[PDB]
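*Asks:* Take a look at the following structure, please.
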Amino acid sequence: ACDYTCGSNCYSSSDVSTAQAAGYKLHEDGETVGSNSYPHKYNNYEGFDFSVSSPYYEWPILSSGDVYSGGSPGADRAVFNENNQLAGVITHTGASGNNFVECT
Ligand SMILES: Nc1nc2c(ncn2[C@@H]2O[C@H](CO)[C@@H](O)[C@H]2OP(=O)(O)O)c(=O)[nH]1
Ligand SMILES: [Ca+2]
Ligand SMILES: [Ca+2]
């Protein structure tokens, strides 16, 4: 079973932990990858009810199981905060334009 389902994508907690660890490390070292410069601040325009404190940062999580390194980011994102706490897993899949909806 999936711990997180983003559209047709199935993720386990380990997938998210691995993605988050890579994103958080880049954030701490003040480095970014990809033309869209990940990881970067997530403003929460959507108004999701995150249970952890801000600031929030978004980092791509890939369906292939591979850690994002600069190519096409896809539709799914792991959102973490300054204390390395997972805020949530979101996706553009099933959402209009560049909006996000939460993964179930
Ligand atoms: N939809 C959305 N985009 C955000 C948010 N925070 C930052 N962004 C960025 O604002 C712009 C319009 O959505 C994009 O550059 C998007 O970045 P990403 O495209 O890298 O997610 C947010 O809370 N919601
Ligand atoms: Ca997996
Ligand atoms: Ca692989």
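*Asks:* Under the condition of being in contact (Cβ under 8 Å) with a residue 24 or more places away in the chain and not in a loop (DSSP other than H, G, I, E, B), which residue from segment 38-49 is nearest to ligand 3 (Cβ to nearest atom)?
*Replies:* Among them, the one singled out is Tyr38.
*Asks:* Take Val101 and decide whether it is under 12 Å from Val16 (Cβ atoms) and away from ligand 3 (no atom under 16 Å from the Cβ). Full working, then the answer.
*Replies:* Numbers: under 12 Å from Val16 (Cβ atoms): no; away from ligand 3 (no atom under 16 Å from the Cβ): yes.
No; evaluated as a whole, the condition is false for this residue.
*Asks:* Restricting attention to segment 22-32, report how many residues are within 16 Å of ligand 3 (Cβ to nearest atom) and either surrounded by fewer than 15 Cβ atoms within 10 Å (Cβ to Cβ) or among the hydroxyl-bearing types (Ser, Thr, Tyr) (or both). Talk me through it step by step, then tell me what you get.
*Replies:* Step one: list which residues in segment 22-32 are within 16 Å of ligand 3 (Cβ to nearest atom), which gives 22.
Add one more test, that the residue is either surrounded by fewer than 15 Cβ atoms within 10 Å (Cβ to Cβ) or among the hydroxyl-bearing types (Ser, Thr, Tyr) (or both), and what stays is none.
Within segment 22-32, residues that are within 16 Å of ligand 3 (Cβ to nearest atom) and either surrounded by fewer than 15 Cβ atoms within 10 Å (Cβ to Cβ) or among the hydroxyl-bearing types (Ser, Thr, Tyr) (or both) number 0.
*Asks:* Does segment 10-22 include one or more residues that are touching a strand residue (DSSP E or B) at 6+ places or on another chain (Cβ under 7 Å), of a type in the set (D, E, K, R) and under 16 Å from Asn98 (Cβ atoms)?
*Replies:* Looking for residues that are touching a strand residue (DSSP E or B) at 6+ places or on another chain (Cβ under 7 Å), of a type in the set (D, E, K, R) and under 16 Å from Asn98 (Cβ atoms), one finds none in segment 10-22, hence no.
*Asks:* Next up: Hey, among the residues in segment 64-73 that are away from ligand 1 (no atom under 11 Å from the Cβ) and within 12 Å of the chain's Cα centre (by Cα), which one's farthest from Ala21 (Cα to Cα)?
*Replies:* Here the residue is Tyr68.
*Asks:* Quick one: is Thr5 among the β-branched types (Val, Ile, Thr), closer than 13 Å to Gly88 by Cα, within 16 Å of ligand 2 (Cβ to nearest atom) and surrounded by fewer than 18 Cβ atoms within 10 Å (Cβ to Cβ)? Quick ask: steps written out before the conclusion?
*Replies:* Working: among the β-branched types (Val, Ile, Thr): yes; closer than 13 Å to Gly88 by Cα: yes; within 16 Å of ligand 2 (Cβ to nearest atom): yes; surrounded by fewer than 18 Cβ atoms within 10 Å (Cβ to Cβ): yes.
Considered against the rule, which asks whether it is among the β-branched types (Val, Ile, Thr), closer than 13 Å to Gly88 by Cα, within 16 Å of ligand 2 (Cβ to nearest atom) and surrounded by fewer than 18 Cβ atoms within 10 Å (Cβ to Cβ), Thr5 comes out as yes.
*Asks:* Which residue out of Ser35, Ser14, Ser54, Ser64 is away from ligand 3 (no atom under 16 Å from the Cβ) and exposed (fewer than 12 other Cβ atoms within 10 Å of the Cβ)?
*Replies:* The unique qualifying residue is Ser35.
*Asks:* Of the residues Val79, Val67, which single one is closer than 16 Å to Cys6 by Cα and either free of Cβ contacts under 8 Å to residues at least 60 places away in the same chain or not basic (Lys, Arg) (or both)?
*Replies:* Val79
In this analysis, Cβ positions are derived from the backbone assuming ideal geometry, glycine residues included, and neighbour counts consider all displayed protein chains. Read the figures in this text as sums done on the coordinates, not as results from a lab.
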